[PDB]
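**Q** Below is one structure. I have some questions about it.
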Amino acid sequence: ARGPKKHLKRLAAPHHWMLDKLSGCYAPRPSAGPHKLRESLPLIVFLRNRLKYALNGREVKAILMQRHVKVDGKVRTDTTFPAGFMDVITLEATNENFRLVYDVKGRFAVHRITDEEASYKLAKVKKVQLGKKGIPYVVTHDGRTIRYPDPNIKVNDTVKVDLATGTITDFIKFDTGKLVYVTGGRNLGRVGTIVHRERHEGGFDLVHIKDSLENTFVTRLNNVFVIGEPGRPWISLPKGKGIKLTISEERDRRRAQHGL
Amino acid sequence: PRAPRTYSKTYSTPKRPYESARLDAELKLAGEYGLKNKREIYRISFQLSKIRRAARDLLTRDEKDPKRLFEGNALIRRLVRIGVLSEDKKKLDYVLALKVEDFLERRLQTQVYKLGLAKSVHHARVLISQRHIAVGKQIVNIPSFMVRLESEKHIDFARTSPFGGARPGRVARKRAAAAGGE
Amino acid sequence: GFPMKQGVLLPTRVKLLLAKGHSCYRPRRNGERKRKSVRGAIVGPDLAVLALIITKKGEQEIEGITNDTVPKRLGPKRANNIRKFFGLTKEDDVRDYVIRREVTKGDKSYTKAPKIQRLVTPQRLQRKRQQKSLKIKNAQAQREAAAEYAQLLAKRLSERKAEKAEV
Amino acid sequence: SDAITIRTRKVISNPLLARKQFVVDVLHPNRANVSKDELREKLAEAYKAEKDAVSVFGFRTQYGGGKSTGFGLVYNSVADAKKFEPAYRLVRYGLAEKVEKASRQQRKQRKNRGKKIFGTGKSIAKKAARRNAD
RNA sequence: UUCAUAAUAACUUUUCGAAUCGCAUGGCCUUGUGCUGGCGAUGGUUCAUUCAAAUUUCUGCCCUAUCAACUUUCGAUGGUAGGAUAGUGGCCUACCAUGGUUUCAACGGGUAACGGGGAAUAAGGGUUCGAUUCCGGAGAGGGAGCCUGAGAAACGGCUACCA
RNA sequence: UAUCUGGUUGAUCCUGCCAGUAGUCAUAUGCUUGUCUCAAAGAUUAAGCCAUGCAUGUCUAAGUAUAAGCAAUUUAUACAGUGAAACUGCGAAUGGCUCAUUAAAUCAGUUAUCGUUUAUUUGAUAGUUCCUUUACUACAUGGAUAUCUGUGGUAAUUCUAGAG
Ligand SMILES: [Mg+2]
Ligand SMILES: [Mg+2]
Ligand SMILES: [Mg+2]
Ligand SMILES: [Mg+2]
Ligand SMILES: [Mg+2]
Ligand SMILES: [Mg+2]
Ligand SMILES: [Mg+2]
Ligand SMILES: [Mg+2]
Ligand SMILES: [Mg+2]
Ligand SMILES: [Mg+2]
Ligand SMILES: [Mg+2]
Ligand SMILES: [Mg+2]
Ligand SMILES: [Mg+2]
Ligand SMILES: [Mg+2]
Ligand SMILES: [Mg+2]
Ligand SMILES: [Mg+2]
Ligand SMILES: [Mg+2]
Ligand SMILES: [Mg+2]
Ligand SMILES: [Mg+2]
Ligand SMILES: [Mg+2]
Ligand SMILES: [Mg+2]
């Protein structure tokens, strides 16, 4: 009905916002940005509901204004700016750097990171095409277009963007026996190896993934994000190395590592 | 258009109103544990029934099957914590055999009575309502509080009120005042 | 009340659909089109007022209209406009010939002067220069990138045509 | 005994708002309700920072007395406190002073009235005068 | 894929290619006030993307045969070409063909029918309800028609008629 | 959380219903009604009609101030502090309400756009505007129009004419 929608009801929000059912009718709708609405994570949520540096929206706004938050080197001032997967959130005071990565369960984890890694962003390849004047460009599944790419970078390949300038420093080819991260579905937040790649030339390629504990699962190709060569990831993965325990196992862990 | 609040009816009425034997049993139960209503009894029954439903379901699933192993185990643990199941009977099969008395013999009412502090159940109830009796230095107003077995060691009078040693208050104070200038 | 719209002809009032551009109407939303009643361009026996612009002065005078003058309130704001008004030419500077207004609170004597718009500042010039530089720089960068790409292409083609030998 | 054992639990140091934020847990014994001002003073004494650079809000008594739990922030300077703290809180404290608006309804009405005139209504006034006269 | 893209042919009542703003006041002397240069705002081209958008595939709706034939002059089903549209298409127009749906209920009638998530009940199977907090969809007394705009056939916009 | 009981007879066994029994984020209503927490609430009939008030406006170092506004005082003889108005920009297509229409329609899950439009967004990005190349606006082009100042029209309206 008539043009774009501008609000978001609290229940209609992505569940991995971890937003509480009460204390409001509305949720912070991610503005038009680099990442998809449902796959994003607004700055407000990151600030208030994760790190707890702000108490309310006004506080968040104030924080933003003094030009201190930095999403991928660039500044940002939107409360509802949609930082998503692999995005580096740097705070100038505190000197903390964060990379937005998922965890074993599904939601965005607070993952503290060093300045040596915070310099670069890792990004999947969505499209490879020749643009105007015959100039080749690559499209990252995370927002960007990069002109004149290395011509053996194809779709689904992951790319090390140096972020400070925005040039491709290095890349990983999508292939069997390469460390992978799942970014959508039930298996989202899981880390694996790629055992096999089914095709079905028509609709949705399925990739078979084994983790470190020899525990195979299948996801769609567009949910699968390459991260390195097995055992050696290009980024630091969060605590619990994207592993997925069974519920009982988790409970046991909780019990046996008690230290109140 | 704010997110709806969840209610749950916590008791269930009997399916046949004037079953005389049943009524008498209920009355007896009330007498035993100083219950204000049949409603309290019904609540307890409902609670029991919920547990039973869970247990039966678990049983229906294969033994050593994940869900049974987990959820059932958790339930058992909870029961033991509350103090309704005994350490002999951490079994899930024994969960079905529980019966209403074990829940009533675990209220902050009955517990209070059974540790001294009272002289009959009614007295205990009165004390509870009257803001005497604390658990972990926390004054409990609720007669049907379900004492958590490990907290059962700590049931005492409050640091406020008399009985547990503070200012006498109200009637005693008045009496003292009267005595004073006479 | 009704005004006279220029163009209607007709000795009587008529209803018209009126938009932005033409008179007898001020639009309150963009592209609002009120149907309003308006009197014609022909003068009749029914008008309350004529509006008359006197173009040729005559033999006698009318008290306070032909003898008397009302001062023009605002001097020109654009630099070229200012130049025109005085008749100054391009090399004479505008700043000095800006009309001042004297305002007093009662004690404090104070002067008001307009910001000359479309004036040749150093700042403006600097900005222009920067703009000129920037585009050129960008172009150069692009060229460099293109060259690099070409080189890369050449030294992959060569590689390809080394394994193109064999049995 | 009055005691008033004050505790700062869950201490987040926040350079982004130039503050330290924490859960205030205060003990009563035999005394009902601590009062905000007193708490603030205590906090100031603890933290060496000025009394006006301290802010405490959102308290609840434990039930059956004995304790009060609330939320506390201690800013680096008074200036910082002034420029980050909500206005109402400041007013409560005694730093900033009450803004004197009319009831919102009145304001709304005024706005509506204003809407009904195009430009500043001095000409309109004149028209009303002269036209009224004749 | 007649794709991306490039190339030759020309065309065009020739679109765009910064006559725009704030704070900085830095670097070489050919010692001019010269040439320069920093961080930003707004803009602007096509391609991205994002928030969207129109359509669109397959499968699924409650009673009724005291509705068995329905659609096709006035488009019904298909073809061809055009027009129109943001674009696909009987969407509309011209010429042509005679199809399309149906007892595995078409069509018609009713609904005290908005659809769904769900709700009440509660052995298993079911039965009834869902105006209503979330998601779709409609509508602003009724019907039309449009302006502005990225987006409305908008009604706390306009134009008309009826009430 | 698998339950039935009263009524066809002089009595009997049935078929069968009626009656009871229990629940209802199911409405109404009758009596009563101390406390705590939570909180539906002009849907059902009339998508019937509406007094009055309010519900969409908006300005930053950073588009346009000669308010004849306030400042007033130790950046202005171009402006430069705040700043009503008005122009411009943007928004008013979201939200909120309601369920009248609507039965392969809507809608649900599922596809598709190699069939299109998309402000904004975040990336990208344009030495080629010239047109013969011995003396040319580019150290910057043109005319308006708002507010304002004045002259009014009308019983009247968020009606606007005439001049500067
Ligand atoms: Mg495809
Ligand atoms: Mg007391
Ligand atoms: Mg200018
Ligand atoms: Mg093509
Ligand atoms: Mg065609
Ligand atoms: Mg209906
Ligand atoms: Mg229904
Ligand atoms: Mg519904
Ligand atoms: Mg209805
Ligand atoms: Mg109505
Ligand atoms: Mg309408
Ligand atoms: Mg209205
Ligand atoms: Mg509306
Ligand atoms: Mg049955
Ligand atoms: Mg008989
Ligand atoms: Mg008889
Ligand atoms: Mg019955
Ligand atoms: Mg009380
Ligand atoms: Mg109604
Ligand atoms: Mg405007
Ligand atoms: Mg809406």
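Every chain in the structure tokens takes a letter, A first, then B, and so on in the order presented; its residues are numbered from 1, and the ligands are numbered from 1 following the presented order.
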Contacts between chain C and chain F, please, where a residue of chain F counts if it comes within 9 Å (with only C-alpha atoms (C1' of nucleotides)); show its shortest atom pair and distance in Å to one decimal, rows by chain and ascending number, as a tab-separated table.

**A**
residue	atom	partner	partner_atom	distance
F:65	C1'	C:114	CA	8.5
F:66	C1'	C:112	CA	5.7
F:68	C1'	C:103	CA	7.8
F:72	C1'	C:108	CA	8.2
F:77	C1'	C:96	CA	8.1
F:78	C1'	C:95	CA	5.0
F:79	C1'	C:115	CA	3.9
F:126	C1'	C:135	CA	8.8
F:127	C1'	C:136	CA	5.8
F:139	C1'	C:120	CA	6.4
F:140	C1'	C:120	CA	6.7
F:149	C1'	C:73	CA	7.4
F:152	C1'	C:49	CA	8.1
F:153	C1'	C:1	CA	5.0
F:154	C1'	C:1	CA	3.7
F:159	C1'	C:1	CA	7.8
F:160	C1'	C:24	CA	6.3
F:161	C1'	C:3	CA	5.5
F:162	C1'	C:51	CA	5.6
F:163	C1'	C:53	CA	8.0
F:164	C1'	C:72	CA	7.0

**Q** Got a sec to check which residues lie within 9 Å of ligand 9, using only C-alpha atoms (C1' of nucleotides) and all ligand atoms, and send them as number ranges by chain?

**A** E: 112, 131; F: 43-44, 99-100

**Q** Counting only C-alpha atoms (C1' of nucleotides) and all ligand atoms, what residues are within 9 Å of ligand 12, given as a PyMOL selection string?

**A** chain E and resi 140+155-156

**Q** May I have the selected residues written with N, CA and C atoms (P, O5', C5', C4', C3', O3' and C1' of nucleotides), as a PDB file, in the first residue's frame?

**A**
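New file out_6.pdb:
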ATOM      1  P     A E 140     -11.675   5.451  -0.492  1.00  0.00           P
ATOM      2  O5'   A E 140     -12.066   6.294   0.802  1.00  0.00           O
ATOM      3  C5'   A E 140     -13.438   6.625   1.092  1.00  0.00           C
ATOM      4  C4'   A E 140     -13.626   6.892   2.571  1.00  0.00           C
ATOM      5  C3'   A E 140     -13.297   8.308   3.048  1.00  0.00           C
ATOM      6  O3'   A E 140     -14.124   8.682   4.146  1.00  0.00           O
ATOM      7  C1'   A E 140     -11.906   6.767   4.161  1.00  0.00           C
ATOM      8  P     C E 155      -6.518   7.135   0.910  1.00  0.00           P
ATOM      9  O5'   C E 155      -7.024   8.104   2.073  1.00  0.00           O
ATOM     10  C5'   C E 155      -8.333   8.716   2.048  1.00  0.00           C
ATOM     11  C4'   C E 155      -8.230  10.144   1.569  1.00  0.00           C
ATOM     12  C3'   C E 155      -8.389  11.228   2.625  1.00  0.00           C
ATOM     13  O3'   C E 155      -7.146  11.490   3.273  1.00  0.00           O
ATOM     14  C1'   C E 155      -9.434  11.827   0.542  1.00  0.00           C
ATOM     15  P     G E 156      -7.065  11.606   4.874  1.00  0.00           P
ATOM     16  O5'   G E 156      -6.398  13.037   5.107  1.00  0.00           O
ATOM     17  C5'   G E 156      -7.040  14.251   4.660  1.00  0.00           C
ATOM     18  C4'   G E 156      -7.131  15.265   5.780  1.00  0.00           C
ATOM     19  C3'   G E 156      -5.886  16.112   6.023  1.00  0.00           C
ATOM     20  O3'   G E 156      -5.909  17.318   5.264  1.00  0.00           O
ATOM     21  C1'   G E 156      -6.616  15.177   8.072  1.00  0.00           C
TER      22        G E 156
END

**Q** Kindly determine which residues of chain E lie within 10 Å of chain A, considering only C-alpha atoms (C1' of nucleotides), and give the answer as a PyMOL selection string.

**A** chain E and resi 4-6+46-53+133-135+137-138+150-152+154

**Q** Where does DSSP see alpha helix (DSSP H) in range 13-163 of chain C, if you list the residues as a PyMOL selection string?

**A** chain C and resi 79-86+122-160

**Q** Just write the chosen residues, N, CA and C atoms, as a short mmCIF file (atom, residue, chain, number, x, y, z; two decimals), in the first residue's frame.

**A**
data_model
loop_
_atom_site.label_atom_id
_atom_site.label_comp_id
_atom_site.auth_asym_id
_atom_site.auth_seq_id
_atom_site.Cartn_x
_atom_site.Cartn_y
_atom_site.Cartn_z
N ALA C 79 26.08 41.37 -7.10
CA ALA C 79 27.20 42.26 -7.41
C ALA C 79 26.98 42.94 -8.77
N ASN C 80 26.57 42.13 -9.74
CA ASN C 80 26.28 42.65 -11.07
C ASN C 80 25.15 43.66 -11.02
N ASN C 81 24.12 43.35 -10.23
CA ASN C 81 22.98 44.25 -10.04
C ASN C 81 23.45 45.59 -9.49
N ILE C 82 24.32 45.51 -8.49
CA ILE C 82 24.89 46.69 -7.83
C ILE C 82 25.62 47.55 -8.86
N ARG C 83 26.43 46.87 -9.67
CA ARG C 83 27.22 47.52 -10.72
C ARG C 83 26.30 48.27 -11.68
N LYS C 84 25.23 47.59 -12.07
CA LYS C 84 24.23 48.12 -13.00
C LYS C 84 23.63 49.40 -12.42
N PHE C 85 23.28 49.32 -11.14
CA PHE C 85 22.52 50.38 -10.48
C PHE C 85 23.31 51.68 -10.48
N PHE C 86 24.60 51.56 -10.15
CA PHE C 86 25.50 52.70 -10.09
C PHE C 86 26.03 53.06 -11.48
N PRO C 122 38.06 35.30 -2.60
CA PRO C 122 39.18 34.37 -2.74
C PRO C 122 38.73 32.94 -2.47
N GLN C 123 37.84 32.77 -1.50
CA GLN C 123 37.37 31.47 -1.07
C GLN C 123 36.77 30.69 -2.24
N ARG C 124 35.92 31.40 -2.97
CA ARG C 124 35.21 30.87 -4.14
C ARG C 124 36.23 30.35 -5.17
N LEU C 125 37.22 31.22 -5.41
CA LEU C 125 38.29 30.93 -6.37
C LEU C 125 39.03 29.66 -5.98
N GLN C 126 39.35 29.59 -4.69
CA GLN C 126 40.06 28.45 -4.10
C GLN C 126 39.28 27.18 -4.34
N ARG C 127 37.98 27.26 -4.07
CA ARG C 127 37.06 26.13 -4.22
C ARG C 127 37.09 25.63 -5.66
N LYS C 128 37.01 26.59 -6.58
CA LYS C 128 37.01 26.31 -8.01
C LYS C 128 38.28 25.57 -8.40
N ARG C 129 39.40 26.09 -7.89
CA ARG C 129 40.72 25.53 -8.16
C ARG C 129 40.79 24.09 -7.70
N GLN C 130 40.28 23.87 -6.49
CA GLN C 130 40.25 22.55 -5.86
C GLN C 130 39.48 21.58 -6.73
N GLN C 131 38.32 22.04 -7.19
CA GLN C 131 37.43 21.25 -8.04
C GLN C 131 38.16 20.83 -9.31
N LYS C 132 38.84 21.81 -9.90
CA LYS C 132 39.59 21.61 -11.14
C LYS C 132 40.65 20.54 -10.94
N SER C 133 41.36 20.66 -9.82
CA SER C 133 42.45 19.75 -9.47
C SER C 133 41.89 18.31 -9.36
N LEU C 134 40.76 18.23 -8.66
CA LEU C 134 40.30 16.96 -8.10
C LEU C 134 39.95 16.00 -9.22
N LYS C 135 39.17 16.52 -10.17
CA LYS C 135 38.70 15.77 -11.33
C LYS C 135 39.89 15.23 -12.11
N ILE C 136 40.87 16.11 -12.33
CA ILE C 136 42.08 15.78 -13.07
C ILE C 136 42.81 14.62 -12.39
N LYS C 137 42.93 14.74 -11.07
CA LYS C 137 43.60 13.74 -10.25
C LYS C 137 42.93 12.39 -10.40
N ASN C 138 41.59 12.44 -10.32
CA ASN C 138 40.75 11.24 -10.43
C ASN C 138 40.99 10.56 -11.76
N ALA C 139 41.00 11.38 -12.81
CA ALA C 139 41.19 10.90 -14.19
C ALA C 139 42.53 10.19 -14.30
N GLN C 140 43.56 10.83 -13.73
CA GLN C 140 44.92 10.30 -13.76
C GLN C 140 44.96 8.92 -13.10
N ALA C 141 44.30 8.86 -11.93
CA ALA C 141 44.24 7.63 -11.14
C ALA C 141 43.60 6.52 -11.95
N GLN C 142 42.50 6.87 -12.60
CA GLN C 142 41.73 5.93 -13.43
C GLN C 142 42.60 5.38 -14.53
N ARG C 143 43.33 6.29 -15.18
CA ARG C 143 44.23 5.95 -16.29
C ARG C 143 45.27 4.94 -15.82
N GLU C 144 45.84 5.25 -14.65
CA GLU C 144 46.88 4.41 -14.04
C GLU C 144 46.34 3.00 -13.81
N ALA C 145 45.13 2.96 -13.25
CA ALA C 145 44.46 1.71 -12.93
C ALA C 145 44.27 0.88 -14.19
N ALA C 146 43.81 1.56 -15.24
CA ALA C 146 43.55 0.93 -16.53
C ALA C 146 44.82 0.31 -17.07
N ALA C 147 45.90 1.08 -16.99
CA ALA C 147 47.22 0.66 -17.46
C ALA C 147 47.65 -0.62 -16.75
N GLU C 148 47.47 -0.58 -15.42
CA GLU C 148 47.84 -1.70 -14.56
C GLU C 148 47.08 -2.96 -14.97
N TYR C 149 45.78 -2.77 -15.19
CA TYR C 149 44.89 -3.86 -15.58
C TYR C 149 45.35 -4.48 -16.89
N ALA C 150 45.69 -3.60 -17.83
CA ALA C 150 46.15 -4.01 -19.16
C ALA C 150 47.40 -4.87 -19.03
N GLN C 151 48.32 -4.38 -18.19
CA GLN C 151 49.59 -5.06 -17.93
C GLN C 151 49.34 -6.47 -17.40
N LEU C 152 48.42 -6.53 -16.43
CA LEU C 152 48.04 -7.78 -15.78
C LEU C 152 47.52 -8.77 -16.82
N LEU C 153 46.64 -8.25 -17.68
CA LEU C 153 46.02 -9.04 -18.74
C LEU C 153 47.09 -9.63 -19.65
N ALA C 154 48.04 -8.77 -20.02
CA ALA C 154 49.15 -9.15 -20.89
C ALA C 154 49.95 -10.29 -20.27
N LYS C 155 50.27 -10.17 -18.98
CA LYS C 155 51.12 -11.14 -18.28
C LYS C 155 50.37 -12.36 -17.71
N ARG C 156 49.07 -12.45 -17.99
CA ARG C 156 48.30 -13.68 -17.84
C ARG C 156 48.11 -14.38 -19.16
N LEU C 157 47.89 -13.60 -20.23
CA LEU C 157 47.81 -14.12 -21.59
C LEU C 157 49.09 -14.87 -21.95
N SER C 158 50.22 -14.24 -21.61
CA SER C 158 51.54 -14.81 -21.88
C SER C 158 51.68 -16.16 -21.19
N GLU C 159 51.26 -16.19 -19.93
CA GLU C 159 51.31 -17.39 -19.10
C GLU C 159 50.50 -18.51 -19.75
N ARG C 160 49.30 -18.14 -20.20
CA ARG C 160 48.39 -19.06 -20.86
C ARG C 160 49.04 -19.67 -22.10
#

**Q** Could the residues of chain B within 12 Å of chain E, counting only C-alpha atoms (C1' of nucleotides), be given as a list in words, please?

**A**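 Using only C-alpha atoms (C1' of nucleotides), chain B residues at most 12 Å from chain E: residues 1, 2, 3, 4, 5, 6 and 53 of chain B.
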
**Q** Take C1' of residue 105 in chain F and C1' of residue 132 in chain E and report the distance between them in Å, one decimal.

**A**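 Calculated distance between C1' of residue 105 in chain F and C1' of residue 132 in chain E is 23.3 Å.
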
**Q** Taking only C-alpha atoms into account and nothing else, which residues of chain A lie no more than 10 Å away from chain B? Please answer as a ChimeraX atom specification.

**A** /A:9-11,21-26,246-249,251

**Q** Those residues you just picked out, can you put them in a file as a tab-separated table (two decimals), in the first residue's frame with N, CA, C and O atoms?

**A**
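Contents of the output file out.tsv:
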chain	number	residue	atom	x	y	z
A	9	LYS	N	7.30	-2.72	13.62
A	9	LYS	CA	6.66	-3.15	14.87
A	9	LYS	C	7.62	-4.08	15.62
A	9	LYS	O	8.36	-4.83	14.99
A	10	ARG	N	7.59	-4.01	16.96
A	10	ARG	CA	8.57	-4.75	17.79
A	10	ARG	C	8.59	-6.27	17.57
A	10	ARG	O	9.66	-6.88	17.59
A	11	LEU	N	7.41	-6.86	17.36
A	11	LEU	CA	7.30	-8.29	17.10
A	11	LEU	C	7.80	-8.69	15.71
A	11	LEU	O	8.38	-9.76	15.54
A	21	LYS	N	10.36	-8.38	24.30
A	21	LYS	CA	8.97	-8.30	23.86
A	21	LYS	C	8.28	-7.00	24.29
A	21	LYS	O	7.53	-6.40	23.52
A	22	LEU	N	8.56	-6.57	25.52
A	22	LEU	CA	7.96	-5.37	26.10
A	22	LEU	C	8.88	-4.15	25.96
A	22	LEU	O	9.78	-4.13	25.11
A	23	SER	N	8.64	-3.13	26.81
A	23	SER	CA	9.35	-1.84	26.79
A	23	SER	C	9.36	-1.18	25.41
A	23	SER	O	10.41	-0.80	24.88
A	24	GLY	N	8.16	-1.05	24.83
A	24	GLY	CA	7.99	-0.42	23.53
A	24	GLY	C	7.11	-1.19	22.57
A	24	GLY	O	6.94	-2.41	22.68
A	25	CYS	N	6.54	-0.44	21.62
A	25	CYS	CA	5.70	-0.98	20.56
A	25	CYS	C	6.51	-1.18	19.27
A	25	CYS	O	6.22	-2.07	18.46
A	26	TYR	N	7.54	-0.35	19.11
A	26	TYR	CA	8.33	-0.31	17.88
A	26	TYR	C	9.76	-0.80	18.05
A	26	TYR	O	10.33	-0.78	19.14
A	246	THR	N	25.10	-30.14	21.02
A	246	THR	CA	23.74	-30.58	21.36
A	246	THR	C	23.35	-29.95	22.70
A	246	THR	O	24.22	-29.48	23.44
A	247	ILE	N	22.05	-29.94	23.01
A	247	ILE	CA	21.53	-29.23	24.17
A	247	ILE	C	22.10	-29.83	25.46
A	247	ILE	O	22.54	-29.09	26.36
A	248	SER	N	22.07	-31.16	25.50
A	248	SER	CA	22.57	-31.92	26.65
A	248	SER	C	24.04	-31.59	26.89
A	248	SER	O	24.45	-31.34	28.04
A	249	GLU	N	24.79	-31.59	25.79
A	249	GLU	CA	26.23	-31.30	25.82
A	249	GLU	C	26.47	-29.91	26.42
A	249	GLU	O	27.35	-29.73	27.28
A	251	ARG	N	24.49	-28.18	28.31
A	251	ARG	CA	24.10	-28.23	29.72
A	251	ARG	C	25.26	-28.75	30.57
A	251	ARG	O	25.59	-28.17	31.62

**Q** Show me which bits of chain F are within 7 Å of chain A, counting only C-alpha atoms (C1' of nucleotides), as a PyMOL selection string.

**A** chain F and resi 93-94+121-124

**Q** Quick one: pull the distance between CA of residue 235 in chain A and CA of residue 189 in chain A, Å, one decimal.

**A**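 CA of residue 189 in chain A lies 14.2 Å from CA of residue 235 in chain A.
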
**Q** Residues near residue 32 in chain C, anyone? I mean within 12 Å using only C-alpha atoms (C1' of nucleotides), not counting same-chain ones fewer than 3 positions away, as a list in words.

**A**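 Residues meeting the cut-off are residues 17, 18, 19, 20, 21, 25, 26, 27, 28, 29 and 35 of chain C; 146, 147, 148, 157, 158 and 159 of chain E.
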
**Q** What is the CA of residue 168 in chain A-CA of residue 154 in chain A distance in Å, reported with one decimal?

**A**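 Going from CA of residue 168 in chain A over to CA of residue 154 in chain A, I get 13.3 Å.
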
**Q** At a cut-off of 12 Å and counting only C-alpha atoms (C1' of nucleotides) and all ligand atoms, what residues surround ligand 5? Please answer as a ChimeraX atom specification.

**A** /E:79-84,88-93

**Q** Dump the neighbourhood of ligand 7 as number ranges by chain: all residues within 12 Å, distances computed on only C-alpha atoms (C1' of nucleotides) and all ligand atoms.

**A** E: 61-62, 111, 113-116, 118, 128-131; F: 99, 103, 107

**Q** Could you work out which residues of chain B fall inside 8 Å of chain D? Count only C-alpha atoms, and format the result as a VMD selection string.

**A** chain B and resid 131 138 to 139 160

**Q** Compare F:88, F:132, F:106, F:33 by their minimum atom-to-atom distance to ligand 20, counting only C-alpha atoms (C1' of nucleotides) and all ligand atoms, and give me the closest one.

**A**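 Using only C-alpha atoms (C1' of nucleotides) and all ligand atoms, the shortest distance to ligand 20 belongs to F:88.
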
**Q** Show me, as JSON lines, the residues of chain D having an atom within 12 Å of chain C, each with the closest atom pair and its distance in Å, using only C-alpha atoms.

**A**
{"residue": "D:115", "atom": "CA", "partner": "C:28", "partner_atom": "CA", "distance": 11.1}
{"residue": "D:116", "atom": "CA", "partner": "C:28", "partner_atom": "CA", "distance": 11.6}
{"residue": "D:118", "atom": "CA", "partner": "C:26", "partner_atom": "CA", "distance": 10.4}

**Q** I need the chosen residues saved as a tab-separated table (two decimals), in the first residue's frame, with N, CA, C and O atoms.

**A**
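See out_29.tsv below for the written result:
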chain	number	residue	atom	x	y	z
D	115	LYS	N	-0.94	29.02	11.74
D	115	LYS	CA	-1.15	28.41	10.43
D	115	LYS	C	-2.12	29.20	9.58
D	115	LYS	O	-1.86	29.41	8.39
D	116	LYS	N	-3.17	29.72	10.22
D	116	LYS	CA	-4.23	30.47	9.55
D	116	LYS	C	-3.84	31.84	8.95
D	116	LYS	O	-4.64	32.44	8.22
D	118	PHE	N	-0.73	34.05	6.71
D	118	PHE	CA	0.41	33.97	5.81
D	118	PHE	C	1.29	35.21	5.99
D	118	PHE	O	0.89	36.33	5.66
